[PDB]
Amino acid sequence: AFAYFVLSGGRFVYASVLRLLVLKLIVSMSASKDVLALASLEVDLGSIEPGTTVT
Amino acid sequence: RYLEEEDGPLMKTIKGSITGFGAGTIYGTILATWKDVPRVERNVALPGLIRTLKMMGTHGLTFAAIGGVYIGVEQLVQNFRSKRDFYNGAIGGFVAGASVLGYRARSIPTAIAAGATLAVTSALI
Amino acid sequence: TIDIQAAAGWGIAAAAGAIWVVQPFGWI
Amino acid sequence: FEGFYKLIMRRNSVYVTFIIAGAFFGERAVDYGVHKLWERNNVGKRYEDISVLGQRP
Amino acid sequence: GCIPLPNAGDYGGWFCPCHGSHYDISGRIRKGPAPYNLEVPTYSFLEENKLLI
Amino acid sequence: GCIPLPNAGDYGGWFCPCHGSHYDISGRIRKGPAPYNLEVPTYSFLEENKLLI
Amino acid sequence: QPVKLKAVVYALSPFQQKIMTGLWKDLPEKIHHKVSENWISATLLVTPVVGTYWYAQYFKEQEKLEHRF
Amino acid sequence: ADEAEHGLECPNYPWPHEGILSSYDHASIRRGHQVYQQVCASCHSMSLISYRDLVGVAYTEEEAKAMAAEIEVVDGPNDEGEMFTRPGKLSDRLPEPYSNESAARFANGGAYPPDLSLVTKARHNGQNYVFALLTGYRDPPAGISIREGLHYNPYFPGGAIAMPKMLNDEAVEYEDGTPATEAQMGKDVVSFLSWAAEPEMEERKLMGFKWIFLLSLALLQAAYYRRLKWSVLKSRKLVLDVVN
Amino acid sequence: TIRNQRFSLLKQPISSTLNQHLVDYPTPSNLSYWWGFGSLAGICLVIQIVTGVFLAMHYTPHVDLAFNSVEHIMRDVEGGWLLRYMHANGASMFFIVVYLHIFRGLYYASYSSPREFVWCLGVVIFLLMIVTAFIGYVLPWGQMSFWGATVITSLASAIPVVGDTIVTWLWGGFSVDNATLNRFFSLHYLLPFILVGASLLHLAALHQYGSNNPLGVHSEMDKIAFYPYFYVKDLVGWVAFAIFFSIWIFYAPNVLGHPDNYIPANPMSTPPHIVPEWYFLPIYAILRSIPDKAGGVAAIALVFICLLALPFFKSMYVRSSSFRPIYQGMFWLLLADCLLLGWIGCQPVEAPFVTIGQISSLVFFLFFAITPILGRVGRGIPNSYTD
Amino acid sequence: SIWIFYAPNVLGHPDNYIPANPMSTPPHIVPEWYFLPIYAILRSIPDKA
Amino acid sequence: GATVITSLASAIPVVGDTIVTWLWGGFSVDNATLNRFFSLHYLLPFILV
Amino acid sequence: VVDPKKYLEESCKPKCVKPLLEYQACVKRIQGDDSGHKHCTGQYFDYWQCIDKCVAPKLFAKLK
Ligand SMILES: COC1=C(OC)C(=O)C(C/C=C(\C)CC/C=C(/C)CC/C=C(\C)CC/C=C(\C)CC/C=C(\C)CC/C=C(\C)CCC=C(C)C)=C(C)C1=O
Ligand code: HEM
Ligand code: HEM
Ligand code: HEM
Ligand SMILES: COC1=C(OC)C(=O)C(C/C=C(\C)CC/C=C(/C)CC/C=C(\C)CC/C=C(\C)CCC=C(C)C)=C(C)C1=O
Ligand SMILES: COC1=C(OC)C(=O)C(C/C=C(\C)CC/C=C(\C)CC/C=C(\C)CC/C=C(/C)CCC=C(C)C)=C(C)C1=O
């Protein structure tokens with residue numbers, strides 16, 4: 001019983017280490033800070049003739 | 001009042017070890033000369049000389065250990081903390097005394113007593 | 001009737017691990 | 001530890017869940033403790049302690 | 001995520017060339033796999049010939 | 001293929017930091033693993049200060 | 001080829017023994033055993049490195065002084 | 001020659017960010033940045049730094065928003081196809097003093113004022129060297145002459161630097177009223193330059209203390225696990241028949 | 001027995017190969033912790049591949065963008081500073097572990113028969129590691145990277161007739177340029193997979209006869225299963241290695257490197273000090289000790305020739321240095337010599353380092369010249385030391 | 001060899017020879033021919049999910 | 001082609017948009033997507049071997 | 001007001017009296033030109049290396 005208690009203490013660290021390394025790789029593929037810094041702007045426009053579509 | 005030196009923590013430790021080895025050699029020589037020879041070694045010259053040289057070597061090694069670990073731990077404590085007090089060197093004296101003299105005396109209370117005495121002798125310095 | 005308890009016990013572990021890897025406390 | 005053994009170690013499903021909870025809570029507690037040591041050793045050096053923060057003309 | 005073709009489809013609006021989504025005049029999905037209508041941004045008229053998003 | 005540094009070496013010429021090749025003032029190898037002197041290219045003057053390489 | 005063997009082995013359960021106390025046991029003799037058997041090996045490894053390092057610093061210090069006006 | 005070629009070695013200064021649990025002095029980062037944009041930025045670029053980087057480190061979001069708006073950034077082409085100018089935003093990099101390397105050399109007598117984004121990481125003993133160089137302008141030794149346009153600095157390799165001395169007393173005015181002595185500005189600017197080279201240091205150090213401590217517990221458990229599995233082998237009694 | 005029913009799943013055909021080669025493989029019971037660096041090197045290879053694949057998701061192999069993409073990795077992508085420092089310092093950890101692994105094989109004479117093919121495959125692996133790590137160091141395109149690639153590709157010019165054409169073919173032009181950097185990136189993604197295959201063959205060759213033991217004797221009488229005894233012993237080394245690795249990553253990420261690589265590559269001006277990574281310094285030292293172009297390259301090849309001819313020397317029938325006092329003493333001198341060569345490579349080419357490097361190079365080659373002589377003389381030890 | 005030397009572009013589409021434009025969209029967006037059967041099954045169901 | 005397939009994850013109701021953005025590396029198909037696709041295109045053939 | 005660096009360099013001179021005298025000794029011996037060849041870089045470096053080491057641990061205590 002004491003041995004299982006002691007071994008579980010180090011098992012706490014092993015699970016945390018595996019979770020950290022896996023997560024660090026996954027979040028590295030998320031949007032970078034330079035990408036997120038270009039997500040809000042404003043643009044003004046004018047008028048077009050009827051029956052038409054401007055993009 | 002202290003401005004006559006070139007220092008160097010590694011050089012300090014090396015020179016402290018060398019000085020301790022010299023002191024231990026001389027002290028072991030004196031100890032060996034003071035004691036008598038056992039009765040079965042009085043008609044033979046060589047074993048007495050061998051025992052004297054062994055005493056010199058042992059005490060030189062022990063005193064060099066003290067003189068090296070003391071200075072090294074004092075500098076390592078004063079470097080990593082970057083403060084100069086008698087608190088640094090007190091810990092070095094404690095660890096040197098405890099470690100080496102408890103290794104030689106083979107006891108924990110003797111190591112603690114040696115560490116306390118060494119810390120006091122460094123605090124008065 | 002212990003396979004069912006084995007499934008329920010492992011389901012709790014799977015749920016506990018899921019909340020542990022993904023920690024959606026800011027989503028609940 | 002036999003009392004704790006009879007409750008957690010009896011089944012591996014419970015033991016695995018215990019390890020998962022220990023990693024979760026243990027990492028959070030260590031993280032909190034490290035941050036407390038970090039704050040105590042760096043008093044007055046944080047961005048929140050800049051006196052003229054928010055007062056640039 | 002494709003871009004519907006203007007003036008295409010069978011509802012006079014927009015036709016998506018990727019998987020055949022049809023949108024009407026109002027940009028509402030009528031036939032196709034697209035679940036929602038075209039998103040409407042935040043726009044306003046500062047004058048007769050000035051838009052802003 | 002390294003670039004010998006100027007005003008360096010044992011002969012007042014060039015010194016290559018990569019493996020200690022010494023070139024004298026005329027660029028001739030005097031010490032080191034380099035087997036050849038520095039390569040002098042084709043060049044000419046124009047009047048007094050226009051050097052064409 | 002497997003080996004024919006004649007031996008008797010007695011073993012005790014891992015849960016009937018102390019696990020860690022043996023690291024800090026007869027420590028002074030481990031230090032004695034390590035030093036007394038490996039002192040020649042340590043000398044043959046440390047002396048050339050320290051001797052060569054010291055000589056280089058001695059050479060550069062005398063050379064630096066010789067080039068000083 | 002012999003010793004001037006490598007230069008005079010810089011000392012070891014007690015930086016506030018030195019230590020396994022020590023952070024940057026964020027007040028000194030803000031002070032150091034004001035030194036940069038008022039003295040250094042006229043000749044040195046910081047092309048790796050954005051205005052959004054200073055947010056949460058030395059300035060608030062609106063403080064840096066206004067800061068970026070003060071500068072004129074090239075943009076375009078517009079619908080007619082012409083490059084235009086717009087006020088700066090948080091995502092904009094710090095402005096370049098010169099349009100290209102050749103323009104920098106022409107304005108500084110053939111010398112290039114290198115990018116300072118990683119200078120404390122691009123020199124041996126980076127923090128100490130930069131502080132020593134800036135505050136180490138003094139007279140040359142006897143028998144040594146400097147060419148016009150060059151200034152003596154023992155810490156610079158060779159002793160002749162095209163940099164003029166710019167950390168003169170009261171060269172900047174601090175917002176917090178700190179006396180802007182040469183040594184004070186030199187310490188603040190290296191603190192800001194240190195952060196720019198390693199902006200992740202505070203997070204890196206927190207991670208190191210957390211995980212080295214946790215792995216040390218795992219090492220203690222690893223030893224128990226190994227000695228538990230091996231105890232049946234290491235305490236076993238082996239009876240054999242041979243003697244010699 | 002008749003396998004009519006299904007016993008333990010490990011003995012089923014789905015996992016029988018893994019069971020015999022990993023879980024139940026017979027291993028000498030007296031293996032020390034010096035036998036755990038093989039798994040450490042395998043874990044380092046996996047770490048390098050995993051971190052490298054994710055770093056290649058953000059790196060641009062273009063001379064106009066390579067330096068900035070590395071800085072973008074450090075500053076912009078979340079956790080990118082960790083991936084870069086794990087990869088940069090992982091290459092140093094890989095070489096530290098493999099260098100300790102090679103020296104264990106020298107001390108215990110693990111190259112001797114019947115393990116000659118294991119040693120030879122290890123030498124091929126070592127060459128692959130050197131080429132892989134070198135071309136990776138060029139990728140950031142710093143000052144160290146540019147001038148590092150300039151001379152290694154120039155080493156082919158030592159060949160008299162076709163040396164120049166090989167240099168220009170390796171460059172892809174007339175100078176180290178975007179062509180050199182682009183082809184170095186492709187090879188840096190491929191060679192790590194070739195390293196995986198070579199290590200698997202290396203492992204397979206060792207399993208033919210089993211591992212050597214600290215006593216160097218026949219060990220078939222006291223073998224135990226790799227799992228769990230040497231798994232839990234390897235796990236201790238893995239955690240201890242992680243603490244060592246974490247110290248470098250989180251507190252000293254740039255100590256094992258040079259600040260010159262943080263300056264963008266300048267083809268115009270060479271740095272005053274130009275040195276490779278620390279794990280290439282001993283080879284650098286032997287190269288610079290020969291005052292000749294061709295001689296320097298020949299000596300580098302002679303290093304790997306001597307490492308390849310080591311297992312085939314007619315040697316005595318005693319392996320471990322723990323019973324060979326003369327060979328044991330020479331091993332410690334060789335280790336001190338290899339340390340000295342690395343330190344010499346970090347020094348500029350001038351007195352007294354030229355004389356010291358020449359002597360150190362001679363001592364290194366003397367080790368491989370004296371070892372066969374020790375074996376031939378040592379053959380008559382049992383006939384001269386009588387009971 | 002017949003494809004490599006005499007019909008090198010028939011198995012593909014010419015629209016990949018136009019540089020990518022995130023603003024305009026081609027009227028004919030199709031995958032490579034070997035993904036076509038999977039593409040047809042996707043388009044048959046009138047629901048994204 | 002990349003704009004469509006990377007949008008297939010959006011069929012998931014709860015985390016569909018989160019996976020799409022993480023797959024893209026941003027709010028649209030851009031250099032982040034191309035750079036990560038190149039690395040995966042070098043690795044997958046070895047896994048296929 | 002007054003630069004703490006300049007003051008601390010002046011007050012560290014009694015700790016570096018030996019190198020300062022040697023540097024002064026070199027200055028006298030090189031006052032003859034000898035074709036503009038002699039200099040005192042080494043003695044200059046030794047003197048300032050001592051002063052700089054004396055000033056560094058006390059400079060930052062006076063700065064904020
Ligand atoms: C009009 O519109 C259309 C097109 O345009 C013209 C088309 O061309 C096609 C044809 C396309 C296909 C048939 C392909 C669709 C099928 C699949 C499977 C998608 C292919 C998959 C992807 C693109 C996803 C790429 C994969 C990844 C990003 C994997 C991510 C994960 C990674 C890298 C690893 C995760 C990390 C960890 C778990 C951490 C720990 C890991 C370690 C290794 C240690 C169709 C249908 C279409 O309608
Ligand atoms: C506080 C303000 C400044 C700081 C902290 C600073 C920082 C630096 C640094 C770290 C170097 C590198 C030295 C080396 O390469 O060893 C340098 C070089 C240089 N600086 Fe700047 N800089 C400042 C302002 C200026 C100004 C105002 C000018 C010009 C008017 C200038 C021109 C140069 C030049 C020309 C060099 C290169 C000198 C040479 O290589 O010979 N700097 N600077
Ligand atoms: C297939 C697996 C691998 C891939 C995809 C890969 C990819 C990369 C990439 C993209 C870089 C540039 C980014 C950077 O500089 O940090 C790099 C750098 C590097 N790689 Fe790798 N690599 C791999 C395996 C290895 C291995 C096995 C080694 C060691 C033998 C290695 C050693 C290096 C080194 C030394 C650098 C330079 C580190 C520095 O920036 O200073 N790589 N690698
Ligand atoms: C990719 C790097 C390498 C890996 C992953 C690797 C892996 C291994 C493994 C797992 C073993 C068996 C367990 C052990 O003794 O540690 C082993 C044994 C061995 N390796 Fe390596 N190795 C590598 C590089 C080398 C190198 C460079 C050499 C030297 C040329 C070498 C020579 C040997 C020898 C001689 C053995 C037998 C050791 C013995 O049983 O006493 N290996 N290797
Ligand atoms: C100052 O100078 C120096 C450096 O600089 C800083 C160095 O770093 C190094 C370090 C280099 C060492 C130790 C040797 C590297 C060894 C090799 C073999 C690299 C050569 C390989 C290259 C260039 C790539 C391989 C090319 C291939 C396989 C062609 C591909 C073709 C096909 C697939 C068909 C040394 C010695 C050096 O003195
Ligand atoms: C008794 O025997 C054994 C040993 O003593 C000889 C050992 O030392 C070890 C421990 C060390 C090992 C296995 C080192 C081997 C490392 C190699 C070959 C390099 C890295 C390994 C990789 C990339 C795995 C490649 C293998 C496969 C099957 C591909 C699939 C893998 C992945 C996707 C990760 C083990 C398990 C072992 O049993």
Side-chain angles (χ1 to χ4, degrees), chain A residues 22-23 25-27 29-31 35-36 39 55, chain C residues 7 10-11 14-28, chain E residues 1-6 8-42, chain J residues 13 15 20 22-49, chain K residues 1-30 32-34 36-37 40-41 44:
Chain A
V22 166
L23 260 44
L25 299 153
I26 272 161
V27 191
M29 284 168 78
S30 95
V35 154
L36 300 182
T55 325
Chain C
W10 281 122
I19 312 167
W20 166 62
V21 188
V22 200
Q23 293 185 4
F25 310 136
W27 173 82
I28 307 150
Chain E
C2 288
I3 301 190
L5 272 203
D10 42 21
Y11 294 131
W14 289 275
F15 168 76
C16 183
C18 287
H19 312 95
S21 281
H22 296 74
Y23 305 90
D24 61 356
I25 270 44
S26 204
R28 282 164 308 174
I29 170 76
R30 298 272 190 88
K31 128 174 181 162
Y36 322 122
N37 320 304
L38 301 185
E39 166 158 337
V40 172
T42 42
Chain J
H13 308 286
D15 316 320
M23 281 315 125
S24 59
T25 181
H28 185 213
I29 307 188
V30 280
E32 283 298 302
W33 62 267
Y34 40 80
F35 296 146
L36 283 182
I38 304 206
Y39 187 50
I41 297 178
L42 178 49
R43 298 177 344 151
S44 302
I45 284 90
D47 163 53
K48 168 222 263 202
Chain K
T3 310
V4 169
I5 300 325
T6 56
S7 308
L8 290 172
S10 65
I12 314 302
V14 163
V15 286
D17 278 1
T18 313
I19 300 159
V20 152
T21 282
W22 170 89
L23 180 47
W24 278 348
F27 327 110
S28 88
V29 179
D30 203 56
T33 317
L34 174 65
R36 81 191 38 200
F37 274 9
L40 287 170
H41 188 61
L44 285 175

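All values below come from the heavy atoms of this structure, side chains included, with hydrogens, waters and symmetry mates left out. Chain identifiers are assigned alphabetically (A, B, ...) following the order of the sequence lines, protein sequences preceding nucleic acid strands; residue numbering begins at 1 within each chain.
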| query | Backbone N or O of E:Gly20 within a donor-acceptor pair of the E:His22 side chain at under 3.5 Å? | reply | yes
| What distance do E:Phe15 atom CZ and E:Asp10 atom CG have between them, rounded to the nearest 0.5 Å? | 8.5 Å
| message | Less than 4.5 Å apart, side chain to side chain, heavy atoms only: is that true for J:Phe35 and J:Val30? | response | no
| What is the minimum heavy-atom distance between E:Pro33 and E:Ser21, and which atoms define it? | CD-OG, 3.2 Å
| Exercise: identify the closest heavy-atom pair between K:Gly26 and A:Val35 | CA-CG1, 3.8 Å
| E:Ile25 and E:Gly12: which non-hydrogen atoms are nearest, and at how many Å? | CD1-O, 3.4 Å
| said: Can you tell me how far apart CG (J:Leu36) and CD1 (J:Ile41) are? Round to the nearest 0.5 Å. | reply: 11.5 Å
| Should J:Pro22 and K:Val29 count as side-chain neighbours, where that means a heavy-atom distance under 4.5 Å? | no
| said: Once rounded to the nearest 0.5 Å, what's the spacing between atom CG of E:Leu38 and atom CG of E:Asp24? | reply: 8.5 Å
| request: Identify the heavy atoms of A:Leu36 and K:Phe27 that sit nearest to each other, and give their distance. | output: CD2-CZ, 3.5 Å
| Closest non-hydrogen atom pair between K:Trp24 and K:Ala2, with its separation | NE1-O, 4.3 Å
| message | Within this structure, what is the CD1-OG distance for the pair K:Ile19 and K:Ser7, rounded to the nearest 0.5 Å? | response | 12.5 Å
| task | Tell me, with the steps shown, if K:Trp22 and A:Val27 meet side-chain contact (heavy atoms from CB on, under 4.5 Å). | result | CA-CA 8 Å; K:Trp22 170 89; A:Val27 191; over 6 Å; no
| Looking only at atom types and distance, does a side-chain atom of E:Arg30 sit under 3.5 Å from a main-chain N or O of E:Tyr11, one as donor and one as acceptor? | no
| Separation of E:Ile3 CD1 from K:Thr3 OG1 (nearest 0.5 Å) | 8.5 Å
| CA sep, side-chain torsions, deciding dist, call: E:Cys18, E:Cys2, disulfide (SG to SG under 2.5 Å) | CA-CA 7 Å; E:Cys18 287; E:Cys2 288; 2.0 Å; yes
| task | Check the surroundings of atom CD1 in J:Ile45: do more than 12 heavy atoms from other residues, nucleotides or ligands lie under 6.0 Å from it? | result | yes
| Considering only heavy atoms from C-beta outward, does the side chain of K:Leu8 approach that of K:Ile5 to under 4.5 Å? | yes
| query | Under 6.0 Å from the NZ atom of E:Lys31, do we count more than 12 heavy atoms belonging to anything else shown? | reply | no
| message | Are more than 12 heavy atoms, taken from residues, nucleotides or ligands other than E:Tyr36, located less than 6.0 Å from that residue's OH atom? | response | no
| note | Between J:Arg43 and E:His19 the two heavy atoms that sit nearest each other are CG-CD2, 3.5 Å
| request: With the side chain counted from C-beta on, respond yes when K:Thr33 and K:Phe37 share a heavy-atom pair under 4.5 Å apart, and no when they do not. | output: yes
